[PDB]
> 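The following block contains the structure, expressed as structure tokens.
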Amino acid sequence: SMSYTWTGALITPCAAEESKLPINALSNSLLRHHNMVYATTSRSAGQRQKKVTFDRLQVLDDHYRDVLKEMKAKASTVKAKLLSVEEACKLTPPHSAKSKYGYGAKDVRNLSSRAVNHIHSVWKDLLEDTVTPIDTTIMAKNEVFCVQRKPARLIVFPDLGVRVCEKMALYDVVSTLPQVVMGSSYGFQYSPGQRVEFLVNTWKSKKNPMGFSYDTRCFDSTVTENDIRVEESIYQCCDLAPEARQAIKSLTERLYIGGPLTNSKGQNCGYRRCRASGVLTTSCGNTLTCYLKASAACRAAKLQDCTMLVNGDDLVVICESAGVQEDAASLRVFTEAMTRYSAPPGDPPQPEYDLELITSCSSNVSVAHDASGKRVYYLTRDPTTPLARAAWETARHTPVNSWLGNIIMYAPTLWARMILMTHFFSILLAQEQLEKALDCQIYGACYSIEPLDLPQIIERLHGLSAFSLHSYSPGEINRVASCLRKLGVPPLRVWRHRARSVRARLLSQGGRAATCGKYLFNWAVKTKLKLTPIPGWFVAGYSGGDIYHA
Ligand SMILES: CNC(=O)c1c(-c2ccc(F)cc2)oc2cc(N3C(=O)OC[C@@H]3c3ccc(B(O)O)c(F)c3)c(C3CC3)cc12
């Protein structure tokens, strides 16, 4: 079966698209090599269509079925509730795409009668009709990257009314089920701090540890009808209200399995037979399916004492080594199984005998030292993409503020502390916008966050040590420095100087601003201040699922 069929109608934009990095008075202070940064547009949609369009063959053995049975047995302990309309409505982002039927996200959020009435009619229709394919819109994503150009990713989503109904039927399910079924393997349950601790403990729990990342080529496209039905059977194991059972079944037959694709101008672009990127179940479904296939593949490959870590389509396995030669052999078998299960890798997996050499979700584990000299482990990444996006956000206001999300999730890193914190606090100070709440994304969910709350947020997510880390590793330092040269970003020494200024300016404002200066920029001073404590973020993945929290 083909992942997609196309009519030839173009994937069209819904507004003006910029590909070239916007430049303002602030731009050069962050980034000089402007031509290396770009944003994807609909212009490249055709190239992506080619990539994501292919035939899927599936061969399912006893290992696959054994694992599924186990997953279902755990799922049968889950009790999920129906969300009311009002509850579902409040989970809708303020700037979520408006309905084709004469209302928008704010109307939904305000419980306007027109909005509520349509939502009730969509719900009723889901209960009564389990066969009619539900329409979806296909769009090209506008995302920023550094050169070496990627084609635009595609997003596929149904109407607002349907999206609210998805929440009613499935929000509690996709929030609770994955942790019950996958236990400690479910990655979205951890803060970054908890994650690092889990990965370290897992690595140490093996006598002779070996690990590898496994990245499936175009995962969404590899997801077949079988997989989506199997996901449903898992959901249906839950203790559910009968109305919820019917809705979930209906949503599966009519939306999740597949459906027609309509562009922004209202033309039929073709047909989908794979995972929709823009539904509530995208994250949960991918996670379950990846876990199922991977666990089965571990058994097929005879890997000993396998621990899986799965979130969305991202996968890492840590297990007991059999030796360098046997390990390499076992991974080829693992890969053969995954491919049979329809998920071949983009890049072939490589066994690793050092935790820090494993990359997943663009991140790796690294080490610094805290105030006492004690080794602290933390999560970092290549800062190329964060810096590219920060540059864009310096000249343009965007729906999602990546810089803020990056500061939050990567607060312990040298690059986030020295560059991102310094640069953006400087900007906020000059505009006196320290107290203004900004929108950002954490594990696919949208949050409204006041920058002044950063120190408190960071202490909770990472611990007090985030504000005093030093003696970063040479490998990490060199990666950052090399990236800075590549993008024409000033060197870290300059950022130190700027941070002193920003710190002093924050302290002069007093109050919460002073606390930001004290904790966030303590690294900038020679004579450090003594840092003391300050008086459902990580439940599930929601990427593409139109979820919001205040
Ligand atoms: C299956 N892979 C893993 O669980 C992970 C390993 C890993 C595992 C084994 C190994 F050997 C080495 C690294 O590192 C991770 C880092 C993060 N992250 C985080 O917590 O802070 C920031 C970073 C992050 C956040 C969000 C997004 B986003 O929504 O696209 C992102 F792309 C990166 C995460 C987050 C849950 C996704 C997941 C893993």
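Reckoned from all heavy atoms, side chains included, excluding hydrogens, waters and symmetry mates. Each ligand, and each atom within it, is numbered from 1 in the order the structure gives. Nothing fancy with the numbering, it's 1 onward along the sequence.
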> Can the positive tip of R389 be found less than 6.0 Å from the middle of the six-membered ring of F145, inside 45° of the ring normal?
yes
> On the 0 to 90° scale, with breaks at 30° and 60°, tag the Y186-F188 ring pair as parallel, tilted or perpendicular.
perpendicular
> Which residue and atom name correspond to the protein heavy atom nearest atom 25 (C) of ligand 1, and how close is it?
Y443 CE2, 4.0 Å
> In terms of relative ring orientation, are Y410 and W415 parallel, tilted or perpendicular, with 30° and 60° separating the classes?
tilted
> Check each atom of ligand 1 against the heavy atoms of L199 and keep those under 4.0 Å away; list them by number with element.
7 (C), 8 (C), 9 (C)
> Are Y171 and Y542 close enough that their ring centers fall under 6.0 Å?
yes
> Is there at least one protein heavy-atom neighbour under 4.0 Å from atom 28 (B) of ligand 1?
no
> From atom 1 (C) of ligand 1, work out which of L355, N311, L357 has a heavy atom at the shortest distance.
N311
> Out of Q194, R195, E356, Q189, indicate the one that has the non-hydrogen atom closest to atom 17 (C) of ligand 1.
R195
> So which protein heavy atom does atom 13 (C) of ligand 1 come closest to, and at what separation?
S363 O, 3.8 Å
> When you measure from the side chain of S185 to the backbone N and O of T307, does any donor-acceptor pair fall under 3.5 Å?
no
> Which one of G541, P412, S360 has a non-hydrogen atom at the shortest distance from atom 7 (C) of ligand 1?
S360
> If you compare all heavy atoms of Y214 against all heavy atoms of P349, which two are closest, and at what distance to 0.1 Å?
CD1-CG, 3.9 Å
